[PDB]
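Take a look at this one chain, the form deposited in one PDB entry, written out in structure tokens.
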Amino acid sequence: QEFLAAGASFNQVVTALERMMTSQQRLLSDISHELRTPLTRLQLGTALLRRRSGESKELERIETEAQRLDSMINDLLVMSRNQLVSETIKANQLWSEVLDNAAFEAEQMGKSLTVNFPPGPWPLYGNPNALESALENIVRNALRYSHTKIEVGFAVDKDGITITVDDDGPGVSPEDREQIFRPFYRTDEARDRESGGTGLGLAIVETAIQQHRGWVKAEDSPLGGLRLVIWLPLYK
């Protein structure tokens, strides 16, 4: 009872702490509830379109990118009140969809996205969501900060998978190349760029790969821009 002032009832301290310790969980839990309802509307609209104009490749795209949003809103409502989760996955199962999307988006950008070698049925053990996010972020970094080409190659051996993403955009100067995995950081060249956005991307990448005992590098790219290499280990 060292927590409120010197004379509060026992019921008073009980409730005082209960508010104190559930406050961020409830904020997230409510932020979660609030994102859900406009998405739910957005989904009813697509339903009502499919009822009228019927099936459509564009529609199906909206229809599923909706579903991705619905899933992640459900992740917030989970891990808010929880405060780690892992399972076994094959690499093709893991990242194929990430790459197919990278393709659809690269085409909309009018940019060439090539996958030199694709992920095989290679054993990983970890968090599916985290690893997808790791790959998607360095790929879409490359999609954006590139001029025209984007290249992605997978490599496997007894020890594990090595993903290599290349672009022909501007490089990242050697000095900046270390600090770009730190949160909210952007190269001086990029905040000057008309591109805007939080420096969170590569920071999410580093913490997902480091939590799977892997590593990430930023390097010179044979394509002229920036090379990003992920390395994860296989599972026994």
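Only residues modelled in both forms are compared. For the two forms, the rigid core is made up of the largest set of C-alpha atoms that agree within 1.5 Å on superposition. One rule holds for the numbers: they count along the sequence shown, beginning at 1.
Engineer: If you count the residues of the deposited sequence that sit between residue 83 and residue 84 but have no coordinates, do you get none, 1 to 3, 4 to 9, or 10 or more?
Structural biologist: In the deposited sequence, 4 to 9 residues between these two have no coordinates.
Engineer: Pick between 181-189 and 59-67: the one whose mean CA B-factor in the entry is higher.
Structural biologist: Higher mean C-alpha B-factor in the PDB entry: 181-189.
Engineer: Which of the two stretches, 84-92 or 69-77, shows the higher mean Cα temperature factor in the record?
Structural biologist: For C-alpha atoms only, the mean B-factor is higher in 84-92.
Engineer: Just the C-alpha B-factor column, please: which of 40, 29, 173, 46 has the biggest number?
Structural biologist: Among 40, 29, 173, 46, the PDB entry lists the largest C-alpha B-factor for 173.
Engineer: So where's residue 12 on the chain's Cα temperature factor ranking, which third?
Structural biologist: Its C-alpha B-factor belongs to the middle third of this chain's values.
Engineer: When the deposited Cα B-factors of this chain's modelled residues are ordered and cut into thirds, is residue 222 in the lowest, the middle or the highest one?
Structural biologist: As the PDB entry reports it, the C-alpha B-factor of residue 222 lands in the middle third of its chain.
Engineer: Ranked by Cα temperature factor within the chain, is residue 129 in the lowest third, the middle third or the highest third?
Structural biologist: Middle third - that is where residue 129 ends up once the chain's C-alpha B-factors are sorted.
Engineer: Is the Cα B-factor recorded for residue 104 in the lowest, middle or highest third of its chain?
Structural biologist: Its C-alpha B-factor belongs to the middle third of this chain's values.
Engineer: Could you place residue 122 in the lowest, middle or highest third of its chain by Cα temperature factor, using the values in the record?
Structural biologist: It falls in the middle third of the chain.
Note that the form deposited in another entry isn't included here; everything after this is about it.
Engineer: Overlay on the rigid core first, then point out the one of 107, 100, 75, 157 whose CA is displaced 2 Å or more between the shown form and the other one.
Structural biologist: Comparing the C-alpha positions, the one residue that moves 2 Å or more is 75.
Engineer: Is residue 229 one of the residues whose Cα moves 2 Å or more between the shown form and the other one, with the core superposed?
Structural biologist: Stays below the 2 Å threshold, so no.
Engineer: Is residue 54 one of the residues whose C-alpha moves 2 Å or more between the shown form and the other one after the core fit?
Structural biologist: It does shift by 2 Å or more.
Engineer: Using a rigid core alignment, state whether the CA of residue 16 is displaced by 2 Å or more between the shown form and the other one.
Structural biologist: Yes, because once the rigid core is superposed, the C-alpha of residue 16 moves 2 Å or more between the shown form and the other one.
Engineer: Mind checking the CA-CA distance of residue 90 and residue 68 in that other deposited form? It differs by 3 Å or more from this form, so is it closer or farther?
Structural biologist: Result: farther.
Engineer: Between residue 71 and residue 154, do the C-alpha atoms lie closer or farther in that other deposited form than in the shown form, with a difference of 3 angstroms or more?
Structural biologist: Between the C-alphas of residue 154 and residue 71, the gap widens in that other deposited form (3 Å or more compared with this form).
Engineer: With the rigid core superposed, where do three or more consecutive residues all shift their C-alphas by 2 angstroms or more between the shown form and the other one?
Structural biologist: Moving regions between the shown form and the other one: 1-83, 194-196.
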